[PDB]
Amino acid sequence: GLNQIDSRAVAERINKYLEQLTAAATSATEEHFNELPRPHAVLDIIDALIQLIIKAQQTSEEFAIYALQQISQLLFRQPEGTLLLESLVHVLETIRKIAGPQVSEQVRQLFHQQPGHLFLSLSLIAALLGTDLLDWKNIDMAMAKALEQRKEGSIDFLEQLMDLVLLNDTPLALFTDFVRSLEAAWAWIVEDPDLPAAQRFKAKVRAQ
């Protein structure tokens, strides 16, 4: 409902807030979004972006939709900063709630449309646990391919992922959500038993 010049200004400010957040979260000593005190630069950027989306919602969905595309696109860049990943997942989940369930589902669908290998970052998975955006079939298929390809330390990534989602007393996934990875990993252990991660994993499997 705004003039193309007025709407563009909001888009550029959404991006400047994400540029600012990237900077602020990186520099900041705090490693987690919870341990952030009041006041804090990271929280002040988050505050302004949310207040921008709340004002912009009154005219149209478009701004919240755009902000979510940008945040998602940033997460897919696979940043490793836990403070940044947590801040980004926080802002995303807020804008999904602000924007209603139509837009909130569109975000789930966008995540579930991405090639599994994009999520093959433990720090990214960790950040996204507690959202509906993780697709265990896609993630499973991705690791399965890496293990088949005998990619350096994939058995280690698999063990690590399992301690992260299964071994967690309140689990977010089932051991069966990872059949294909388990098979791929077992096949590699069958071929070359003389591997270090192979011993730890052989035990984890026989344990369950």
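The numbering used is simple: start at 1 and walk along the sequence shown.
Between the two ranges 198-206 and 1-9, the one averaging a larger CA B factor in the entry:
1-9 has the higher mean C-alpha B-factor.
Averaging only over Cα atoms, indicate whether 66-74 or 23-31 has the higher B-factor in the PDB entry.
That would be 23-31.
If you check the C-alpha B-factor for each of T170, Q160, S181, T176 in the entry, which is highest?
Most elevated C-alpha B-factor of the set, per the entry: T170.
What third of its chain, lowest, middle or highest, does the C-alpha temperature factor of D140 fall into?
Its C-alpha B-factor belongs to the lowest third of this chain's values.
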